[PDB]
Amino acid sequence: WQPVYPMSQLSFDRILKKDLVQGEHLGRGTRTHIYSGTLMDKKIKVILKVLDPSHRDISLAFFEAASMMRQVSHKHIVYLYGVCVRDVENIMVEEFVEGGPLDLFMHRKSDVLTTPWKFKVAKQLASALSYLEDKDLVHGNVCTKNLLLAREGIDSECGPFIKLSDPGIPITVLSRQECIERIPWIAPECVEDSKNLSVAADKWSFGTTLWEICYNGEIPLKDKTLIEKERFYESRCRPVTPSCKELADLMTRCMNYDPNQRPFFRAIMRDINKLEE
């Protein structure tokens, strides 16, 4: 879009290791561990995404994703306070989102989630992705584990409010095995060649994420081997159609094997708003 030399703008001085306290381990991502933490100037609760000690290649890519999160500003995208270097550990320091990951939440509440709640989550995500598409940015790690609940909106007068977390290490530098592991969220062209990553990749992943929402955080292809996941895309399959025809139809449109045929998020938003009338 309009930032100039954004990685040159990343500050390795703004958040110093002496002011960051690491808290409990919360989860893992691709070569990463995620922790609770506290950032002292009065203090703020933060999330730390810590990259495994890696080659220069992987660290640079990790910082490029951090830089993109720093440049974007959208109410449905997690805020990144900055980065911290702690000897050989490279760390993204993000705001703490109190409700936690959406997958865990849906597992825990599968028996009280309603249709409008699910629809609101989908619409908020489309809105974040529309914003990224407008800026020619790709995320590449859209899934419910990477959606954080700022407001639960179960028994509240207000509905849910989600925030999309950072992408972690860009697909650009992942191994073929790591790309296969990410099936069926990863766009199939990126499995063929990680160089195929493009804005269209996030449409495919948004489809898989709608599948997860429809199925209350169930993991699609859970326990399938890498060889079976490979087979899945080689045979041009899609996960089973949800009951909810409105979300199933968006899912099908988005999970087209031709990236060029996946509709724009602009159009998905127009359609979602139309459904609301």
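Position 1 is the first residue in the sequence shown; the rest follow in order.
Original post:
In this entry, is the chain continuous from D41 to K42, or are deposited residues missing in between (none, 1 to 3, 4 to 9, 10 or more)?
Top reply: According to the record, 10 or more deposited residues lack coordinates from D41 to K42.
Original post:
Comparing 252-260 with 12-20, which stretch shows the greater average C-alpha B-factor in the deposited entry?
Top reply: Mean B over CA atoms: larger for 12-20.
Original post:
Looking at the entry, does 111-119 or 202-210 show the higher mean C-alpha B-factor?
Top reply: So the stretch with the higher mean C-alpha B-factor is 111-119.
Original post:
Of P167, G153, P188, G82, which one's C-alpha B factor is largest in the deposited record?
Top reply: Of the candidates given, the C-alpha B-factor peaks at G153.
**OP:** Identify, among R238, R231, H33, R70, the residue whose C-alpha carries the highest B-factor in the deposited PDB entry.
**Re:** The C-alpha B-factor peaks, among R238, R231, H33, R70, at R238.
**OP:** Using the B-factors in the PDB entry, rank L226's C-alpha atom against the chain and give the third, lowest, middle or highest.
**Re:** CA B-factor rank for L226: middle third.
Subject >> Chain third (lowest, middle, highest) by recorded CA B-factor, residue given as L60 >> reply: Middle third of the chain for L60's C-alpha B-factor.
Original post:
Hey, what third does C179 fall into on Cα B-factor, ranked over its chain?
Top reply: For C179, whose C-alpha B-factor we compare with every modelled residue in the chain, the answer is the lowest third.
Subject >> Third of the chain, ranked by Cα B-factor, where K163 sits >> reply: For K163, the deposited C-alpha B-factor lands in the lowest third.
**OP:** Within this chain's modelled residues, let me know which third the CA B factor of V50 belongs to: lowest, middle or highest.
**Re:** Middle third by C-alpha B-factor.
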